[PDB]
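Input: a single structure, listed below in structure tokens.
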Protein chains: 6
Amino acid sequence: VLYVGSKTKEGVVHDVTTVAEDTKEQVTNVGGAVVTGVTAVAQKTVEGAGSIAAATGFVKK
Amino acid sequence: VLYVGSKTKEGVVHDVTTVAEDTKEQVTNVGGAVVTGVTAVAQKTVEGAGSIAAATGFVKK
Amino acid sequence: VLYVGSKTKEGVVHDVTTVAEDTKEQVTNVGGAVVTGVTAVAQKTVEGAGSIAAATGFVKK
Amino acid sequence: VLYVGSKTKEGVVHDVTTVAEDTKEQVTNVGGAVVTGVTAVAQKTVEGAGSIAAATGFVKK
Amino acid sequence: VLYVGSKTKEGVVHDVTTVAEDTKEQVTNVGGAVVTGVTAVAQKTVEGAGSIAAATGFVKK
Amino acid sequence: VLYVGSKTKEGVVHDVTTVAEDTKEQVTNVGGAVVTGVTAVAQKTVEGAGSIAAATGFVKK
């Protein structure tokens with residue numbers, strides 16, 4: 001492999017924008033919760049995963 | 001493989017935009033929950049997955 | 001491998017913007033919670049994962 | 001006039017984006033020239049104009 | 001006029017973005033020239049203009 | 001006029017961004033020239049103009 005004159009963008013995330021005004025979030029009775037916003041994962045060579053969101057709960061009342 | 005003059009964008013996510021005004025979110029009785037927004041995963045070479053959202057719950061009342 | 005004249009951006013996340021005005025967040029009765037904002041993970045070579053959000057809870061009442 | 005609870009955006013320009021890669025501009029024999037990019041003009045109360053581009057030339061050869 | 005609880009954005013320009021890579025500009029034989037980039041003009045109350053680009057030239061050869 | 005509780009942004013320009021990589025500019029034979037980048041002009045009350053770019057030239061050869 002060789003690159004003489006070149007621009008290579010491999011495994012890239014850019015220009016991700018989030019805008020929010022007058023919003024409302026309520027999680028009332030949750031055993032375990034994962035609430036997130038932007039999640040950016042850039043990776044050229046991987047063996048596992050990129051983003052893992054796990055939630056295991058128990059709401060007995 | 002060789003690139004003499006070239007632009008290669010392989011495995012890329014860009015320009016992802018989220019706009020939200022006067023919204024409302026409620027999760028009332030959830031065992032385990034995963035609530036997210038933007039999830040961007042760029043990866044050239046992978047062996048596993050890219051984004052894993054897992055939720056295992058129990059709402060007995 | 002060789003690069004004579006080249007720009008290589010591999011495994012990159014940039015220009016991620018979050019804007020929020022007059023918002024409201026409430027987590028009332030949660031066993032374990034993970035609330036986040038921007039999560040940026042750039043990594044060229046990985047063996048594990050990139051972002052792991054785990055929440056295990058118990059809401060008995 | 002009165003505003004009790006309100007959001008008023010009057011006379012506004014926002015989120016104007018220009019992206020350009022590998023472009024080419026040539027103005028060879030021009031008497032007078034006006035070459036521009038983004039031109040944003042926000043103004044609530046005006047008596048004149050907003051943007052005036054004037055070019056008066058003479059190419060005799 | 002009165003504002004009890006309010007957000008007023010009148011005469012505003014924001015979030016104007018210009019991105020340029022590997023570009024080329026040439027003005028070869030111009031009497032008078034005006035080459036510009038971003039031009040942002042925000043003004044609530046005006047009597048004149050907002051942006052005036054004037055170019056008067058003479059290319060005799 | 002009165003503001004009891006309020007945020008007023010009148011006559012404002014903000015968040016103007018310019019990004020440029022590997023670019024090229026040439027003005028070869030120009031009588032008078034005006035080459036600029038970002039031009040931001042915020043003004044609440046004006047009688048004249050906001051931005052005046054004037055170029056008057058003479059290329060006889």
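In the structure tokens, the first chain shown is A, the next is B, and so on; residue numbers restart at 1 for each chain, and ligands run from 1 in the order shown.
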
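Applying a distance limit of 12 Å to only C-alpha atoms, the residues of chain D near chain B read residues 15, 17, 19, 21 and 22 of chain D.
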
- Might you pull out every residue within 6 Å of residue 58 in chain C, with only C-alpha atoms counted and same-chain residues fewer than 3 positions away left off, and present them as a ChimeraX atom specification? /A:31,58 /C:31

- How many Å lie between CA of residue 46 in chain A and CA of residue 55 in chain C, rounded to one decimal? 24.3 Å

Mobile chain D placed on reference chain A by ordered C-alpha fit, as a PDB file with N, CA and C atoms, in the first residue's frame:
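Heads up, here's the output in selection-v7.pdb:
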```
ATOM      1  N   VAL D   1       0.836  -1.189   0.000  1.00  0.00           N
ATOM      2  CA  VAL D   1       0.000   0.000   0.001  1.00  0.00           C
ATOM      3  C   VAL D   1       0.873   1.241  -0.001  1.00  0.00           C
ATOM      4  N   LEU D   2       0.487   2.243  -0.785  1.00  0.00           N
ATOM      5  CA  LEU D   2       1.143   3.539  -0.723  1.00  0.00           C
ATOM      6  C   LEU D   2       0.201   4.610  -1.242  1.00  0.00           C
ATOM      7  N   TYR D   3       0.380   5.821  -0.738  1.00  0.00           N
ATOM      8  CA  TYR D   3      -0.406   6.976  -1.128  1.00  0.00           C
ATOM      9  C   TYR D   3       0.564   8.066  -1.547  1.00  0.00           C
ATOM     10  N   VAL D   4       0.527   8.449  -2.818  1.00  0.00           N
ATOM     11  CA  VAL D   4       1.490   9.420  -3.319  1.00  0.00           C
ATOM     12  C   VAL D   4       1.011  10.827  -2.999  1.00  0.00           C
ATOM     13  N   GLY D   5      -0.131  11.209  -3.541  1.00  0.00           N
ATOM     14  CA  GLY D   5      -0.801  12.405  -3.082  1.00  0.00           C
ATOM     15  C   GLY D   5      -2.248  12.073  -2.822  1.00  0.00           C
ATOM     16  N   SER D   6      -2.698  12.146  -1.576  1.00  0.00           N
ATOM     17  CA  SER D   6      -4.050  11.693  -1.300  1.00  0.00           C
ATOM     18  C   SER D   6      -4.494  12.162   0.070  1.00  0.00           C
ATOM     19  N   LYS D   7      -5.807  12.260   0.225  1.00  0.00           N
ATOM     20  CA  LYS D   7      -6.437  12.537   1.504  1.00  0.00           C
ATOM     21  C   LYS D   7      -7.360  11.374   1.825  1.00  0.00           C
ATOM     22  N   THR D   8      -7.043  10.643   2.885  1.00  0.00           N
ATOM     23  CA  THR D   8      -7.821   9.484   3.288  1.00  0.00           C
ATOM     24  C   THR D   8      -8.421   9.743   4.655  1.00  0.00           C
ATOM     25  N   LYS D   9      -9.747   9.764   4.725  1.00  0.00           N
ATOM     26  CA  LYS D   9     -10.469   9.871   5.983  1.00  0.00           C
ATOM     27  C   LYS D   9     -11.234   8.578   6.194  1.00  0.00           C
ATOM     28  N   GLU D  10     -10.648   7.663   6.956  1.00  0.00           N
ATOM     29  CA  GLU D  10     -11.232   6.350   7.183  1.00  0.00           C
ATOM     30  C   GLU D  10     -11.499   6.155   8.665  1.00  0.00           C
ATOM     31  N   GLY D  11     -12.746   5.834   8.999  1.00  0.00           N
ATOM     32  CA  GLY D  11     -13.163   5.802  10.382  1.00  0.00           C
ATOM     33  C   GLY D  11     -13.251   7.188  10.981  1.00  0.00           C
ATOM     34  N   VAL D  12     -14.222   7.987  10.550  1.00  0.00           N
ATOM     35  CA  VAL D  12     -14.334   9.365  11.013  1.00  0.00           C
ATOM     36  C   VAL D  12     -15.805   9.707  11.187  1.00  0.00           C
ATOM     37  N   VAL D  13     -16.109  10.411  12.275  1.00  0.00           N
ATOM     38  CA  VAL D  13     -17.395  11.062  12.476  1.00  0.00           C
ATOM     39  C   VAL D  13     -17.146  12.512  12.840  1.00  0.00           C
ATOM     40  N   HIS D  14     -17.685  13.431  12.049  1.00  0.00           N
ATOM     41  CA  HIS D  14     -17.508  14.836  12.379  1.00  0.00           C
ATOM     42  C   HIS D  14     -18.773  15.597  12.021  1.00  0.00           C
ATOM     43  N   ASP D  15     -18.881  16.800  12.577  1.00  0.00           N
ATOM     44  CA  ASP D  15     -20.007  17.695  12.334  1.00  0.00           C
ATOM     45  C   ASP D  15     -21.328  17.055  12.746  1.00  0.00           C
ATOM     46  N   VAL D  16     -21.400  16.628  14.004  1.00  0.00           N
ATOM     47  CA  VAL D  16     -22.642  16.145  14.598  1.00  0.00           C
ATOM     48  C   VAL D  16     -23.127  17.181  15.598  1.00  0.00           C
ATOM     49  N   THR D  17     -24.323  17.714  15.364  1.00  0.00           N
ATOM     50  CA  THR D  17     -24.833  18.872  16.086  1.00  0.00           C
ATOM     51  C   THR D  17     -26.164  18.514  16.725  1.00  0.00           C
ATOM     52  N   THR D  18     -26.347  18.908  17.982  1.00  0.00           N
ATOM     53  CA  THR D  18     -27.617  18.750  18.677  1.00  0.00           C
ATOM     54  C   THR D  18     -28.042  20.075  19.299  1.00  0.00           C
ATOM     55  N   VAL D  19     -29.271  20.489  19.005  1.00  0.00           N
ATOM     56  CA  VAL D  19     -29.826  21.751  19.475  1.00  0.00           C
ATOM     57  C   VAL D  19     -31.163  21.450  20.130  1.00  0.00           C
ATOM     58  N   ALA D  20     -31.378  21.983  21.329  1.00  0.00           N
ATOM     59  CA  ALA D  20     -32.596  21.694  22.071  1.00  0.00           C
ATOM     60  C   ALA D  20     -32.964  22.874  22.952  1.00  0.00           C
ATOM     61  N   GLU D  21     -34.186  23.369  22.800  1.00  0.00           N
ATOM     62  CA  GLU D  21     -34.664  24.495  23.592  1.00  0.00           C
ATOM     63  C   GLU D  21     -36.033  24.180  24.173  1.00  0.00           C
ATOM     64  N   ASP D  22     -36.231  24.558  25.433  1.00  0.00           N
ATOM     65  CA  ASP D  22     -37.483  24.319  26.141  1.00  0.00           C
ATOM     66  C   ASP D  22     -37.937  22.865  26.024  1.00  0.00           C
ATOM     67  N   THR D  23     -37.101  21.960  26.521  1.00  0.00           N
ATOM     68  CA  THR D  23     -37.395  20.534  26.501  1.00  0.00           C
ATOM     69  C   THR D  23     -37.661  20.061  27.924  1.00  0.00           C
ATOM     70  N   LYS D  24     -38.078  18.810  28.073  1.00  0.00           N
ATOM     71  CA  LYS D  24     -38.375  18.273  29.393  1.00  0.00           C
ATOM     72  C   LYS D  24     -38.168  16.769  29.387  1.00  0.00           C
ATOM     73  N   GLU D  25     -37.421  16.275  30.372  1.00  0.00           N
ATOM     74  CA  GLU D  25     -37.118  14.855  30.498  1.00  0.00           C
ATOM     75  C   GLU D  25     -37.471  14.413  31.906  1.00  0.00           C
ATOM     76  N   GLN D  26     -38.208  13.316  32.027  1.00  0.00           N
ATOM     77  CA  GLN D  26     -38.545  12.752  33.326  1.00  0.00           C
ATOM     78  C   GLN D  26     -38.452  11.240  33.259  1.00  0.00           C
ATOM     79  N   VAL D  27     -37.641  10.654  34.127  1.00  0.00           N
ATOM     80  CA  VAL D  27     -37.621   9.211  34.325  1.00  0.00           C
ATOM     81  C   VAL D  27     -38.036   8.977  35.777  1.00  0.00           C
ATOM     82  N   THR D  28     -39.233   8.429  35.982  1.00  0.00           N
ATOM     83  CA  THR D  28     -39.807   8.490  37.322  1.00  0.00           C
ATOM     84  C   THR D  28     -39.425   7.276  38.157  1.00  0.00           C
ATOM     85  N   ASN D  29     -39.814   6.080  37.724  1.00  0.00           N
ATOM     86  CA  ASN D  29     -39.554   4.875  38.507  1.00  0.00           C
ATOM     87  C   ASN D  29     -38.848   3.864  37.622  1.00  0.00           C
ATOM     88  N   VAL D  30     -37.530   3.974  37.540  1.00  0.00           N
ATOM     89  CA  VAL D  30     -36.728   3.114  36.687  1.00  0.00           C
ATOM     90  C   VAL D  30     -35.703   2.405  37.555  1.00  0.00           C
ATOM     91  N   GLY D  31     -35.596   1.095  37.376  1.00  0.00           N
ATOM     92  CA  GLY D  31     -34.608   0.337  38.115  1.00  0.00           C
ATOM     93  C   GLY D  31     -33.214   0.827  37.811  1.00  0.00           C
ATOM     94  N   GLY D  32     -32.771   0.625  36.574  1.00  0.00           N
ATOM     95  CA  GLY D  32     -31.537   1.207  36.108  1.00  0.00           C
ATOM     96  C   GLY D  32     -31.765   1.864  34.762  1.00  0.00           C
ATOM     97  N   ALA D  33     -31.168   3.037  34.595  1.00  0.00           N
ATOM     98  CA  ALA D  33     -31.445   3.806  33.397  1.00  0.00           C
ATOM     99  C   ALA D  33     -30.144   4.299  32.794  1.00  0.00           C
ATOM    100  N   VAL D  34     -30.162   4.477  31.477  1.00  0.00           N
ATOM    101  CA  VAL D  34     -29.071   5.102  30.746  1.00  0.00           C
ATOM    102  C   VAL D  34     -29.688   6.115  29.795  1.00  0.00           C
ATOM    103  N   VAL D  35     -29.573   7.394  30.131  1.00  0.00           N
ATOM    104  CA  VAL D  35     -30.052   8.470  29.276  1.00  0.00           C
ATOM    105  C   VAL D  35     -28.831   9.244  28.813  1.00  0.00           C
ATOM    106  N   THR D  36     -28.702   9.445  27.506  1.00  0.00           N
ATOM    107  CA  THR D  36     -27.489  10.035  26.967  1.00  0.00           C
ATOM    108  C   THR D  36     -27.855  11.097  25.946  1.00  0.00           C
ATOM    109  N   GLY D  37     -26.838  11.783  25.441  1.00  0.00           N
ATOM    110  CA  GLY D  37     -27.005  12.714  24.348  1.00  0.00           C
ATOM    111  C   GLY D  37     -26.277  12.234  23.113  1.00  0.00           C
ATOM    112  N   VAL D  38     -25.362  13.048  22.599  1.00  0.00           N
ATOM    113  CA  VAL D  38     -24.518  12.644  21.485  1.00  0.00           C
ATOM    114  C   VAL D  38     -23.577  11.540  21.939  1.00  0.00           C
ATOM    115  N   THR D  39     -23.455  10.490  21.133  1.00  0.00           N
ATOM    116  CA  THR D  39     -22.473   9.433  21.364  1.00  0.00           C
ATOM    117  C   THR D  39     -21.715   9.215  20.063  1.00  0.00           C
ATOM    118  N   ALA D  40     -20.471   9.675  20.017  1.00  0.00           N
ATOM    119  CA  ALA D  40     -19.643   9.591  18.821  1.00  0.00           C
ATOM    120  C   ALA D  40     -18.525   8.594  19.083  1.00  0.00           C
ATOM    121  N   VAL D  41     -18.372   7.624  18.189  1.00  0.00           N
ATOM    122  CA  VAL D  41     -17.338   6.605  18.302  1.00  0.00           C
ATOM    123  C   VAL D  41     -16.702   6.429  16.933  1.00  0.00           C
ATOM    124  N   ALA D  42     -15.450   6.842  16.803  1.00  0.00           N
ATOM    125  CA  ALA D  42     -14.681   6.669  15.578  1.00  0.00           C
ATOM    126  C   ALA D  42     -13.527   5.738  15.888  1.00  0.00           C
ATOM    127  N   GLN D  43     -13.371   4.691  15.085  1.00  0.00           N
ATOM    128  CA  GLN D  43     -12.315   3.728  15.329  1.00  0.00           C
ATOM    129  C   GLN D  43     -11.968   2.973  14.060  1.00  0.00           C
ATOM    130  N   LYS D  44     -10.693   3.015  13.687  1.00  0.00           N
ATOM    131  CA  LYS D  44     -10.264   2.427  12.427  1.00  0.00           C
ATOM    132  C   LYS D  44     -10.329   0.907  12.462  1.00  0.00           C
ATOM    133  N   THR D  45      -9.663   0.288  13.432  1.00  0.00           N
ATOM    134  CA  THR D  45      -9.601  -1.168  13.544  1.00  0.00           C
ATOM    135  C   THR D  45     -10.115  -1.567  14.920  1.00  0.00           C
ATOM    136  N   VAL D  46     -11.123  -2.433  14.955  1.00  0.00           N
ATOM    137  CA  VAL D  46     -11.798  -2.813  16.187  1.00  0.00           C
ATOM    138  C   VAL D  46     -11.858  -4.326  16.267  1.00  0.00           C
ATOM    139  N   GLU D  47     -11.876  -4.855  17.491  1.00  0.00           N
ATOM    140  CA  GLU D  47     -12.198  -6.262  17.678  1.00  0.00           C
ATOM    141  C   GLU D  47     -13.518  -6.447  18.414  1.00  0.00           C
ATOM    142  N   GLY D  48     -13.852  -5.539  19.317  1.00  0.00           N
ATOM    143  CA  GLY D  48     -15.085  -5.586  20.069  1.00  0.00           C
ATOM    144  C   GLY D  48     -16.188  -4.783  19.419  1.00  0.00           C
ATOM    145  N   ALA D  49     -16.899  -4.014  20.233  1.00  0.00           N
ATOM    146  CA  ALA D  49     -17.985  -3.184  19.741  1.00  0.00           C
ATOM    147  C   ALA D  49     -17.566  -1.718  19.724  1.00  0.00           C
ATOM    148  N   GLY D  50     -18.514  -0.841  19.419  1.00  0.00           N
ATOM    149  CA  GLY D  50     -18.222   0.575  19.406  1.00  0.00           C
ATOM    150  C   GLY D  50     -18.890   1.366  20.507  1.00  0.00           C
ATOM    151  N   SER D  51     -20.142   1.034  20.807  1.00  0.00           N
ATOM    152  CA  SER D  51     -20.898   1.704  21.854  1.00  0.00           C
ATOM    153  C   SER D  51     -21.835   0.685  22.469  1.00  0.00           C
ATOM    154  N   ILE D  52     -21.747   0.502  23.781  1.00  0.00           N
ATOM    155  CA  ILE D  52     -22.527  -0.510  24.475  1.00  0.00           C
ATOM    156  C   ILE D  52     -23.318   0.175  25.577  1.00  0.00           C
ATOM    157  N   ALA D  53     -24.639   0.197  25.434  1.00  0.00           N
ATOM    158  CA  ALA D  53     -25.542   0.750  26.436  1.00  0.00           C
ATOM    159  C   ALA D  53     -26.355  -0.396  27.018  1.00  0.00           C
ATOM    160  N   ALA D  54     -26.138  -0.696  28.295  1.00  0.00           N
ATOM    161  CA  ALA D  54     -26.772  -1.829  28.950  1.00  0.00           C
ATOM    162  C   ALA D  54     -27.499  -1.361  30.198  1.00  0.00           C
ATOM    163  N   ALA D  55     -28.715  -1.859  30.398  1.00  0.00           N
ATOM    164  CA  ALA D  55     -29.553  -1.458  31.517  1.00  0.00           C
ATOM    165  C   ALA D  55     -30.394  -2.637  31.973  1.00  0.00           C
ATOM    166  N   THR D  56     -30.186  -3.076  33.209  1.00  0.00           N
ATOM    167  CA  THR D  56     -30.891  -4.218  33.771  1.00  0.00           C
ATOM    168  C   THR D  56     -31.552  -3.797  35.071  1.00  0.00           C
ATOM    169  N   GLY D  57     -32.873  -3.909  35.130  1.00  0.00           N
ATOM    170  CA  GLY D  57     -33.599  -3.333  36.242  1.00  0.00           C
ATOM    171  C   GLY D  57     -34.644  -4.215  36.884  1.00  0.00           C
ATOM    172  N   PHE D  58     -35.325  -3.673  37.886  1.00  0.00           N
ATOM    173  CA  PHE D  58     -36.242  -4.421  38.730  1.00  0.00           C
ATOM    174  C   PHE D  58     -37.144  -3.434  39.452  1.00  0.00           C
ATOM    175  N   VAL D  59     -38.402  -3.341  39.030  1.00  0.00           N
ATOM    176  CA  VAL D  59     -39.361  -2.400  39.610  1.00  0.00           C
ATOM    177  C   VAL D  59     -40.495  -3.233  40.198  1.00  0.00           C
ATOM    178  N   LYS D  60     -40.456  -3.457  41.513  1.00  0.00           N
ATOM    179  CA  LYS D  60     -41.380  -4.401  42.128  1.00  0.00           C
ATOM    180  C   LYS D  60     -42.671  -3.750  42.590  1.00  0.00           C
ATOM    181  N   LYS D  61     -42.606  -2.534  43.120  1.00  0.00           N
ATOM    182  CA  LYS D  61     -43.782  -1.837  43.636  1.00  0.00           C
ATOM    183  C   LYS D  61     -44.450  -2.633  44.755  1.00  0.00           C
TER     184      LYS D  61
END
```

- Per DSSP on the backbone, what are the strand (DSSP E or B) residues of range 2-61 of chain A, as a ChimeraX atom specification? /A:2-21,25-35,39-45,52-56,59
